[PDB]
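Down below is the structure, laid out as structure tokens.
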Amino acid sequence: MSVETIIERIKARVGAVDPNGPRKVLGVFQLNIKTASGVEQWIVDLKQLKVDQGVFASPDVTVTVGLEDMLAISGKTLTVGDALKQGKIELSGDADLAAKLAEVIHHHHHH
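Note that the authors' numbering numbers the sequence shown so that position 41 is 41, with each residue one more than the last.
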């Protein structure tokens, strides 16, 4: 519905989320929204809680997903595991790093 409405949730969440929340990691990722008009690139940092638009000078990992997909996720409806099974989220670069994200699919006691 709007790429902007997707990142907005990320910035609003990051500024409220905790560092210990996610897995033990720290770096930067390169997100890309696949659209018929092209591809919306976005920069995200793990270390801190910030968000930037464009292509990082040298991101740790490059992920490419569709707009619709990001909608179900960012909209707080679908789960990372679901989108992964479908194949909407494409990986490229340091799969090892990107893997840390999918790991969240697990159901542990403490995050």
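For each residue, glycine too, the CB sits at the ideal point set by N, CA and C.
Taking the C-alpha atoms as reference points, what is the distance between residue i and residue j?
i    : j    : result
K88  : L71  : 12 angstroms
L46  : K11  : 12 angstroms
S92  : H109 : 30 angstroms
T5   : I73  : 12 angstroms
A83  : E90  : 10 angstroms
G54  : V44  : 10 angstroms
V65  : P19  : 25 angstroms
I105 : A95  : 16 angstroms
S2   : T77  : 16 angstroms
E103 : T79  : 12 angstroms
The beta strand (DSSP E) spanning residue i covers which residue range?
i           : result
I105        : Here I105 belongs to no beta strand (DSSP E), and DSSP marks it neither H nor E.
residue 128 : Coverage of the chain is limited to positions 1 through 111, which leaves residue 128 absent and any answer about it impossible.
I believe residue i touches residue j by the beta-carbon criterion, under 8 angstroms. Please report the beta-carbon distance rounded to the nearest angstrom.
i    : j    : result
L67  : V14  : At roughly 21 angstroms, the Cβ-Cβ gap does not stay under 8 angstroms, so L67 and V14 are not in contact.
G21  : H111 : 6 angstroms
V39  : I33  : 6 angstroms
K100 : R9   : At roughly 20 angstroms, the Cβ-Cβ gap does not stay under 8 angstroms, so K100 and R9 are not in contact.
Could you please give the first and the last residue of the uninterrupted alpha helix (DSSP H) stretch that includes residue i?
i   : result
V14 : 3-14
Mind the definition here: the segment 60-68 touches the segment 21-29 only if three or more C-beta pairs lie below 8 angstroms; say whether that holds. yes
Problem - Ranges of the alpha helix (DSSP H) found wholly within the segment 39-102, counting only runs of at least 4 - result: 67-74, 80-86, 95-102
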